[PDB]
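Here is how the chains run, residue by residue.
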Amino acid sequence: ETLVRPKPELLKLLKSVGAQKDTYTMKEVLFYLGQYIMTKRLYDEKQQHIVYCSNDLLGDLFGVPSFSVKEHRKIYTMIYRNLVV
Amino acid sequence: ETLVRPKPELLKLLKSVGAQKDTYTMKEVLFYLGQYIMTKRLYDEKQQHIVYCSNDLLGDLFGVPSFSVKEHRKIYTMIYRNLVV
Amino acid sequence: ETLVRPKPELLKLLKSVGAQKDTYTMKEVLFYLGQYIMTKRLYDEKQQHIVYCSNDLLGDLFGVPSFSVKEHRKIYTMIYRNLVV
Ligand SMILES: CCOc1cc(OC)ccc1C1=N[C@@H](c2ccc(Br)cc2)[C@@H](c2ccc(Br)cc2)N1C(=O)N1CCN(CCO)CC1
Ligand SMILES: CCOc1cc(OC)ccc1C1=N[C@@H](c2ccc(Br)cc2)[C@@H](c2ccc(Br)cc2)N1C(=O)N1CCN(CCO)CC1
Ligand SMILES: CCOc1cc(OC)ccc1C1=N[C@@H](c2ccc(Br)cc2)[C@@H](c2ccc(Br)cc2)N1C(=O)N1CCN(CCO)CC1
Ligand SMILES: CCOc1cc(OC)ccc1C1=N[C@@H](c2ccc(Br)cc2)[C@@H](c2ccc(Br)cc2)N1C(=O)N1CCN(CCO)CC1
Ligand SMILES: CCOc1cc(OC)ccc1C1=N[C@@H](c2ccc(Br)cc2)[C@@H](c2ccc(Br)cc2)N1C(=O)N1CCN(CCO)CC1
């Protein structure tokens, strides 16, 4: 049980999909992020592993137009930058 | 910020010297244990780096009668078992 | 409470971390030196117990490129060379 504290904007994001805490485990962070992408359909209708986030609050936070769910380190890094760490 | 959550006993120990939260960074955890040990003089006054936790809550929580503050890995481990981690 | 007087060099250093006295108590100093090192990020990233001070005033004061926080007398010996009396 290793918790993290998301910054104001990220916490706003997680909370838009049901999150209710201030600190979370990374597992929870990724879960909520996953749900958010799926819910707002930021993934490519054709190939679901490609995420197109430009034009969304998510794009702002990750600072990239798109990314692959395979790029784990890149993903951990983009989340990192959004952590009161 | 990387937070951990102390089990009830460790949490009493921590709060017995001033702690006021439920989750802490390991830096804050070790800071407090430091104070607890100093405030109760569990350290050997003839070798200040040796800690004798025998017959003390810290001893029941760490499962050792003594240890050196130089055994970092050992200390992180004894602390791990007292974490809802 | 045995107050101590840090030479000009070291005295100026402690100050940089928000210290306000010409004399302190070892417990106070070490706490600050620890703060200096940490936030200054002078420790090996995969072994926080290793301190790389070269390329820093601290290395000057101690006269060492690096050292381990486990080297206790050495850290005392080094601070005793930075103290009046
Ligand atoms: C948004 C679509 O994401 C996927 C697409 C895939 O296409 C084949 C396969 C796996 C995923 C997927 N992997 C998950 C994940 C978790 C942590 C890290 Br680090 C990386 C990836 C996790 C995820 C979490 C956060 C972020 Br950011 C990106 C991906 N995650 C998911 O969100 N999904 C939703 C889509 N489905 C399809 C179900 O058949 C699989 C799981
Ligand atoms: C999300 C996966 O994270 C891990 C996976 C690991 O697999 C080898 C090992 C360690 C971690 C881990 N390291 C933590 C961390 C904290 C600060 C910085 Br700077 C860097 C890393 C911290 C972390 C924090 C932010 C980010 Br981004 C990535 C990792 N963090 C975790 O969240 N962990 C470690 C503990 N475990 C379960 C152990 O019983 C869950 C995952
Ligand atoms: C209780 C005895 O404490 C010491 C005695 C020493 O003898 C020379 C040297 C260092 C310490 C000391 N080191 C600190 C520490 C922090 C993290 C890890 Br992991 C290990 C050690 C930290 C500590 C924290 C938690 C735990 Br468990 C053990 C040690 N801690 C302290 O509590 N200190 C700092 C050093 N001095 C200054 C006055 O003599 C005594 C108090
Ligand atoms: C005390 C320092 O610990 C680290 C030092 C590192 O060196 C770079 C890297 C990662 C960590 C680190 N790993 C985390 C962790 C959590 C669960 C498990 Br199971 C294993 C490891 C978790 C941890 C939890 C409990 C215990 Br016991 C030991 C480590 N955790 C941390 O405590 N931290 C705090 C310090 N930061 C960087 C601060 O600038 C990194 C993460
Ligand atoms: C800056 C990192 O320092 C450490 C790294 C360690 O790595 C495992 C373990 C213990 C310490 C540590 N020991 C403390 C200390 C106090 C008096 C003397 Br004599 C020697 C050491 C004291 C210190 C004081 C002055 C100087 Br010089 C060097 C170290 N002190 C600290 O500064 N810290 C701060 C960081 N934390 C992380 C815990 O998760 C541990 C304790």
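Residues numbered from 1 in each chain as written, not as in the entry; some residues may be left out. Chains lettered and ligands numbered in written order. Heavy atoms only, no water.

- Looking at the method and resolution fields of the entry, one finds X-ray crystallography and 2.30 Å.

**Let's talk about the overall build of chain A**
At step 1: Regarding its fold elements, chain A presents four helices and four strands.
At step 2: Ordering the α and β elements of chain A from the N terminus gives β-α-β-α-β-α-β-α.
At step 3: A globule of 85 residues ought to have a C-alpha radius of gyration of about 12 Å, and chain A, at 12 Å, matches this closely.
At step 4: Reported as C-alpha extents along the three principal axes, the dimensions of chain A are approximately 35 × 25 × 20 Å.
At step 5: Among the 85 residues that make up chain A, the fraction classed as buried is 40%. (Helix = DSSP H or I, 4+ residues; strand = E, 2+ residues; numbered from the N terminus. Rg over C-alpha atoms; globule rule 2.2 N^0.38 Å. Buried < 20%, exposed > 50% of the residue type's maximum accessible area, 1.4 Å probe, protein only.)

**Digging into the sheet that holds strand β4 (residues 47–52) of chain C**
At step 1: What the three strands build is an open sheet, ordered β3-β4-β5 (chain C); its pairing is antiparallel. The open sheet has two edge strands with one neighbour each: β3 (43–44) and β5 (66–68) of chain C. (Pairing = 2+ DSSP bridges.)

**Quick look at the interface of chain B and chain A**
Many structure descriptions define interface size as the accessible area lost when the parts assemble.
At step 1: Taken together, the contact between chain B and chain A spans eight residues of the former and eight residues of the latter.
At step 2: Contact between chain B and chain A buries roughly 760 Å² in total, counting both sides, with carbon and sulfur atoms accounting for 46%.
At step 3: By the criterion of area lost to chain A, the three top residues of chain B are B:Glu1, B:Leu3 and B:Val85, representing 67% of everything that side buries.
At step 4: Our enumeration of links across chain B and chain A arrives at two salt bridges.
At step 5: A:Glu1 is the salt-bridge partner of B:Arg5, the closest N and O atoms lying 3.5 Å from each other.
At step 6: Where chain B packs against chain A, one counts four residue pairs in polar contact.
At step 7: Taken together, the residues that form the side of chain B that touches chain A break down as four nonpolar, two polar and two charged. (Contact = heavy atoms within 4.5 Å. Buried area = accessible area lost by both parts, 1.4 Å probe. Salt bridge = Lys/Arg side-chain N within 4 Å of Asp/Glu carboxyl O. Polar contact = N/O pair within 3.5 Å; in protein donor to acceptor, adjacent residues only side chain to side chain. Nonpolar A, V, L, I, M, F, W, Y, C, P; charged D, E, K, R; others polar.)

**Focus on the side chain of A:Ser68**
Residue and element names in this part refer to chain A.
At step 1: Following the sequence through the fold, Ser 68 ends up in strand β4 (residues 66–68).
At step 2: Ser 68 sits in the buried class, given a relative accessible area of 14%.
At step 3: When sequence neighbours within four positions are dropped, the list of residues in contact with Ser 68 reads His 49 and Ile 75.

**Structural notes on the relation of the copies chain B and chain A**
Here the two chain copies are tied together by a rotation about an axis and a shift along that axis.
At step 1: Laying chain B over chain A is done by rotating through 179 degrees and shifting 0.0 Å along the axis; what remains is an RMSD of 0.2 Å. Here the transformation between the copies is reduced to the relation of a two-fold axis. For chain B, the minimum C-alpha distance to the rotation axis belongs to B:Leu3 and amounts to 2.2 Å.
At step 2: An overlap of 100% is found between the interface residues of chain B and their copies at the interface of chain A, pointing to a shared contact surface. (Least-squares fit on C-alpha atoms.)

**Structural notes on unusual backbone geometry**
Residue and element names in this part refer to chain C.
At step 1: Positioned with a positive phi, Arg 41 is a non-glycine residue whose angle comes to about 55 degrees.
At step 2: For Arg 41, the position within the fold is in the loop between α2 (26–40) and β3.
At step 3: Look at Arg 41 and you get exposed, because its relative accessible area is 66%.
At step 4: One non-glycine residue, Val 85, adopts positive backbone phi at about 70 degrees.

**Section: the sheet that holds strand β6 (residues 83–84) of chain C**
Residues and elements named next belong to chain C.
At step 1: The three strands are arranged β2-β1-β6 in an open sheet whose pairing can be described as antiparallel. Of all the strands in the sheet, the pair left with one neighbour each is β2 (24–25) and β6.
At step 2: As paired strands, strand β1 (residues 3–6) and β2 are joined by two bridges and run antiparallel to one another. The partner of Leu 3 across the bridge, within β2, is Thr 25.

**Some details on the site of ligand 5**
At step 1: Taken together, 15 residues are adjacent to ligand 5, and B:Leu30, B:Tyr76, C:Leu30, C:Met38 and C:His49 come closest.
At step 2: Nearby residues place ligand 5 at the junction of chains B and C.
At step 3: Side-chain polar atom of B:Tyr76 to an oxygen atom of ligand 5: 3.5 Å apart, as the coordinates give it.
At step 4: Within the contact set of ligand 5, an oxygen atom lies 3.5 Å away from a backbone nitrogen or oxygen of C:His49.
At step 5: If ligand 5 stood free it would expose 760 Å²; the protein chains cover 81% of that surface. (Near = heavy atom within 4 Å. Areas by Shrake-Rupley, 256 points an atom, 1.4 Å probe, with all protein chains shown as cover.)

**Looking at the packing of aromatic side chains**
At step 1: Inspection of the entire model under this criterion finds 10 aromatic pairs over all chains.
At step 2: An angle of 80 degrees between the planes, with centres 6.0 Å apart, marks the rings of A:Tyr24 and A:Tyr32 as edge-to-face. (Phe/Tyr/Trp six-rings, centres within 6.5 Å; stacked < 30°, edge-to-face > 60°.)

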